[PDB]
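A.B. asks: For reference, the file final-v3.cif (mmCIF, C-alpha atoms) is included below:
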data_input
#
loop_
_atom_site.label_atom_id
_atom_site.label_comp_id
_atom_site.auth_asym_id
_atom_site.auth_seq_id
_atom_site.Cartn_x
_atom_site.Cartn_y
_atom_site.Cartn_z
CA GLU M 1 8.03 -32.24 65.57
CA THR M 2 5.23 -30.71 67.67
CA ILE M 3 4.34 -29.94 71.28
CA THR M 4 1.24 -31.59 72.71
CA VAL M 5 0.72 -29.14 75.56
CA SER M 6 1.28 -25.51 76.53
CA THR M 7 5.07 -25.20 76.92
CA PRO M 8 7.35 -22.29 77.89
CA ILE M 9 9.09 -20.68 74.92
CA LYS M 10 12.41 -21.03 76.73
CA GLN M 11 11.94 -24.81 76.96
CA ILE M 12 11.47 -25.19 73.19
CA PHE M 13 14.10 -22.64 72.14
CA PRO M 14 17.27 -23.08 74.30
CA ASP M 15 19.14 -20.17 72.74
CA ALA M 16 18.17 -17.15 74.86
CA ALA M 17 18.43 -14.84 71.86
CA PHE M 18 16.33 -17.04 69.60
CA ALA M 19 13.73 -17.47 72.35
CA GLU M 20 13.50 -13.68 72.49
CA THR M 21 13.00 -13.70 68.71
CA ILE M 22 10.07 -16.12 69.03
CA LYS M 23 8.59 -14.20 71.97
CA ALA M 24 8.65 -10.95 69.99
CA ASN M 25 7.30 -12.71 66.90
CA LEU M 26 4.26 -14.05 68.78
CA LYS M 27 3.83 -10.82 70.72
CA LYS M 28 4.21 -12.63 74.06
CA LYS M 29 5.41 -10.74 77.15
CA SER M 30 8.17 -13.13 78.22
CA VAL M 31 10.26 -16.04 76.99
CA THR M 32 8.90 -17.78 80.09
CA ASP M 33 5.36 -17.54 78.69
CA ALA M 34 3.80 -20.75 77.40
CA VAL M 35 2.95 -21.33 73.74
CA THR M 36 0.85 -23.91 71.90
CA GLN M 37 1.44 -25.74 68.65
CA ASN M 38 -1.38 -23.68 67.11
CA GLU M 39 0.60 -20.52 67.81
CA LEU M 40 3.82 -22.04 66.49
CA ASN M 41 1.93 -23.18 63.37
CA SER M 42 0.98 -19.56 62.66
CA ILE M 43 4.59 -18.49 62.13
CA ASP M 44 5.56 -18.24 58.48
CA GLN M 45 8.15 -15.50 58.86
CA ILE M 46 11.06 -14.92 61.24
CA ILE M 47 13.05 -11.69 61.02
CA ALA M 48 16.12 -12.01 63.22
CA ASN M 49 19.11 -10.34 61.58
CA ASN M 50 22.00 -9.45 63.93
CA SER M 51 20.29 -10.91 66.98
CA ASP M 52 23.26 -12.70 68.53
CA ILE M 53 21.76 -16.14 67.86
CA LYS M 54 24.05 -19.16 68.25
CA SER M 55 21.42 -21.86 67.75
CA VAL M 56 18.01 -22.17 66.09
CA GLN M 57 17.17 -25.37 67.96
CA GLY M 58 13.41 -25.46 68.39
CA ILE M 59 12.71 -24.01 64.96
CA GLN M 60 11.82 -27.60 63.99
CA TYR M 61 8.44 -26.90 65.62
CA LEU M 62 7.45 -24.23 63.07
CA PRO M 63 6.30 -26.28 60.04
CA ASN M 64 5.02 -23.27 58.11
CA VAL M 65 7.96 -20.87 58.02
CA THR M 66 8.59 -19.68 54.48
CA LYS M 67 10.89 -16.72 55.15
CA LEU M 68 13.85 -16.84 57.51
CA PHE M 69 16.17 -13.85 57.90
CA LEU M 70 19.18 -14.77 60.04
CA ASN M 71 21.90 -12.47 58.71
CA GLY M 72 24.72 -11.56 61.08
CA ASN M 73 24.36 -14.09 63.88
CA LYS M 74 26.63 -16.77 65.38
CA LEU M 75 25.26 -19.83 63.61
CA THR M 76 27.34 -22.87 62.68
CA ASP M 77 24.82 -25.73 62.57
CA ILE M 78 21.61 -25.45 60.54
CA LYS M 79 20.49 -29.06 61.00
CA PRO M 80 17.30 -27.78 62.69
CA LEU M 81 16.18 -26.45 59.28
CA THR M 82 16.22 -29.88 57.60
CA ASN M 83 12.47 -30.54 57.60
CA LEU M 84 11.24 -26.99 57.02
CA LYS M 85 9.79 -28.05 53.67
CA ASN M 86 8.04 -24.75 53.00
CA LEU M 87 11.15 -22.58 53.29
CA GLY M 88 11.19 -20.21 50.31
CA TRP M 89 13.64 -17.48 51.31
CA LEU M 90 16.65 -18.23 53.51
CA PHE M 91 19.16 -15.51 54.43
CA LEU M 92 22.18 -16.66 56.42
CA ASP M 93 24.87 -14.08 55.63
CA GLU M 94 27.54 -13.37 58.26
CA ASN M 95 27.54 -16.69 60.13
CA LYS M 96 29.94 -19.65 59.97
CA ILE M 97 27.84 -22.24 58.18
CA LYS M 98 29.66 -24.82 56.02
CA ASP M 99 27.58 -28.01 56.31
CA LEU M 100 24.94 -27.50 53.64
CA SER M 101 23.57 -31.04 53.80
CA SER M 102 20.65 -29.71 55.82
CA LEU M 103 19.38 -27.92 52.70
CA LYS M 104 19.00 -31.06 50.57
CA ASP M 105 15.25 -31.40 51.13
CA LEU M 106 14.27 -27.73 50.94
CA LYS M 107 12.64 -28.23 47.54
CA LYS M 108 10.64 -24.98 47.67
CA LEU M 109 13.65 -22.80 48.48
CA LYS M 110 13.85 -20.09 45.81
CA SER M 111 16.30 -17.61 47.32
CA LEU M 112 19.39 -18.52 49.35
CA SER M 113 22.00 -16.18 50.79
CA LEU M 114 25.22 -17.44 52.40
CA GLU M 115 27.62 -14.52 52.04
CA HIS M 116 30.54 -14.15 54.47
CA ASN M 117 30.42 -17.70 55.87
CA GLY M 118 33.93 -18.83 54.96
CA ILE M 119 32.47 -21.36 52.54
CA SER M 120 34.58 -23.13 49.94
CA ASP M 121 32.60 -26.28 49.15
CA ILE M 122 29.18 -25.64 47.60
CA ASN M 123 28.60 -29.13 46.19
CA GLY M 124 25.67 -29.56 48.55
CA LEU M 125 23.78 -27.05 46.41
CA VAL M 126 23.16 -29.68 43.74
CA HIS M 127 20.04 -30.59 45.74
CA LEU M 128 18.38 -27.22 45.05
CA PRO M 129 17.83 -27.29 41.26
CA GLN M 130 14.85 -24.94 41.64
CA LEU M 131 16.87 -22.06 43.13
CA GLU M 132 16.25 -18.69 41.43
CA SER M 133 18.54 -16.33 43.36
CA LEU M 134 21.80 -17.28 45.07
CA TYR M 135 24.17 -15.00 47.00
CA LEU M 136 27.58 -16.45 47.79
CA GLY M 137 29.69 -13.31 47.79
CA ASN M 138 32.66 -12.87 50.12
CA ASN M 139 33.58 -16.51 50.68
CA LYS M 140 36.43 -18.80 49.60
CA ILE M 141 34.93 -20.52 46.57
CA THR M 142 37.08 -21.64 43.65
CA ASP M 143 35.10 -24.48 42.08
CA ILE M 144 31.56 -23.71 40.89
CA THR M 145 31.00 -26.80 38.73
CA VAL M 146 27.82 -27.58 40.67
CA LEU M 147 26.15 -24.37 39.48
CA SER M 148 25.71 -25.94 36.04
CA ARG M 149 22.91 -27.89 37.75
CA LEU M 150 20.98 -24.81 38.92
CA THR M 151 19.36 -23.90 35.60
CA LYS M 152 16.60 -21.81 37.16
CA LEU M 153 18.95 -19.12 38.46
CA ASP M 154 18.31 -15.56 37.31
CA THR M 155 20.33 -13.83 40.01
CA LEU M 156 23.76 -15.02 41.09
CA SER M 157 26.39 -13.29 43.19
CA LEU M 158 29.84 -14.84 43.42
CA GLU M 159 31.76 -11.63 44.05
CA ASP M 160 34.86 -11.63 46.25
CA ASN M 161 35.88 -15.28 46.02
CA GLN M 162 38.67 -17.07 44.13
CA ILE M 163 36.98 -18.25 40.96
CA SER M 164 38.91 -18.61 37.70
CA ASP M 165 36.67 -20.90 35.68
CA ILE M 166 33.13 -19.71 34.95
CA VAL M 167 32.36 -22.20 32.17
CA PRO M 168 29.79 -23.83 34.54
CA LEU M 169 27.64 -20.72 34.03
CA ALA M 170 27.60 -21.13 30.25
CA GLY M 171 24.26 -22.94 30.21
CA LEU M 172 22.43 -20.83 32.79
CA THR M 173 20.33 -19.05 30.18
CA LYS M 174 17.98 -17.47 32.73
CA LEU M 175 20.72 -15.33 34.30
CA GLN M 176 19.81 -11.65 34.46
CA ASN M 177 21.96 -10.48 37.35
CA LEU M 178 25.51 -11.79 37.62
CA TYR M 179 28.06 -10.45 40.12
CA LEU M 180 31.59 -11.70 39.55
CA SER M 181 33.82 -8.83 40.67
CA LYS M 182 36.89 -9.46 42.86
CA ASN M 183 37.74 -12.92 41.49
CA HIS M 184 40.38 -14.36 39.12
CA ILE M 185 38.44 -14.35 35.84
CA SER M 186 40.15 -13.84 32.47
CA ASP M 187 38.21 -16.08 30.08
CA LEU M 188 34.74 -14.71 29.33
CA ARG M 189 33.82 -17.09 26.51
CA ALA M 190 31.26 -18.54 28.93
CA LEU M 191 29.03 -15.49 28.49
CA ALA M 192 28.72 -15.72 24.70
CA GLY M 193 25.48 -17.67 24.97
CA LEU M 194 23.81 -15.57 27.67
CA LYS M 195 20.97 -13.51 26.24
CA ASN M 196 19.21 -12.20 29.35
CA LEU M 197 21.92 -10.45 31.37
CA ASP M 198 20.84 -6.99 32.53
CA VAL M 199 23.42 -6.56 35.30
CA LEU M 200 26.94 -7.94 34.94
CA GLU M 201 29.88 -6.93 37.12
CA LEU M 202 33.37 -8.16 36.25
CA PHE M 203 35.71 -5.48 37.62
CA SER M 204 38.64 -5.90 40.00
CA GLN M 205 39.81 -9.28 38.73
CA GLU M 206 43.24 -10.34 40.02
CA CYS M 207 45.04 -12.51 37.48
#
Any chance you could put this one into structure tokens?

C.D. replies:
Amino acid sequence: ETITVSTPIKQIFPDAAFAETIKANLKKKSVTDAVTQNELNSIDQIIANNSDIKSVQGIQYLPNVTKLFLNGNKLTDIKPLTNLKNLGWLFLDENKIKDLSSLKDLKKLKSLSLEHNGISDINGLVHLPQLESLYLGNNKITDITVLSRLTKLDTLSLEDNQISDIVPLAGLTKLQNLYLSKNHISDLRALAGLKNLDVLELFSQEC
């Protein structure tokens, strides 16, 4: 939502680490300093990799964020991102996020990264048919049937998982960069129809 009056950063963002992130972003002197909705509206980019963040509560007040870098934090719940309609790049590597229902309305999201999150179920991705780059390396994925729905993908990383069947990728004609090393792939018939691959990694398969 929005704040109707000058409010301390710490009151909007409960996580002490995230509050620090916002304070540094707005160039304020302290997380105790007050901020206005006009200032929060000016934020379109948050760079907070490895910042020891457990919660992004409060981020709901930044309607215009388009780039969010949150790699290597302590996140588990990304519900606060649900109405961030302008989100275009979302990096969430090295966290423990499994509930991807909060991404269903991010219709402008073009690049998503969820590596090292212990994920196995990616069915929630069906709601992002416009996705162009997707990084899911180092997880516990086996079934990628949903990916047949993401026809706009040109870059896809599924390295270090437990995939055997890649037939779902057969119709992703826009693929240029495909990372499939460290999986259980033997049948490559699925690549016969791909004409735009520039980078393809298939080494270290364990069958």

A.B. asks: Which residue out of M:71, M:64, M:161, M:57 has the minimum interatomic distance to residue M:142 when all atoms listed in the file are used?

C.D. replies: M:161

A.B. asks: Could you expand the PyMOL selection byres ((chain M and resi 93-103) around 10) into the explicit residues it covers here, written as a ChimeraX atom specification?

C.D. replies: /M:49-50,53-54,69-85,87,90-92,104-107,109,112-128,135-138

A.B. asks: Taking the file as shown, find all residues satisfying the PyMOL selection byres ((chain M and resi 12) around 12) and write them as number ranges by chain.

C.D. replies: M: 1-3, 5-11, 13-16, 18-20, 22-23, 31-37, 40, 55-62

A.B. asks: I'd like the interatomic distance between atom CA of residue M:163 and atom CA of residue M:108, to a tenth of an Å.

C.D. replies: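 Between these atoms lies a distance of 28.0 Å.
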
A.B. asks: Around all the atoms of stretch 118-134 of chain M listed in the file, draw an axis-aligned box and extend it by 3 Å on each of the six sides; I want its centre and edge lengths in Å to one decimal, as lines of an AutoDock Vina configuration file.

C.D. replies:
center_x = 24.7
center_y = -23.5
center_z = 48.1
size_x = 25.7
size_y = 20.3
size_z = 19.7

A.B. asks: Which residue out of M:134, M:156, M:194, M:147 has the minimum interatomic distance to residue M:181 when only C-alpha atoms are used?

C.D. replies: M:156

A.B. asks: Exactly which residues make up the result of the PyMOL selection byres ((chain M and resi 203) around 7) on this file, given as a PyMOL selection string?

C.D. replies: chain M and resi 181-182+201-202+204-205
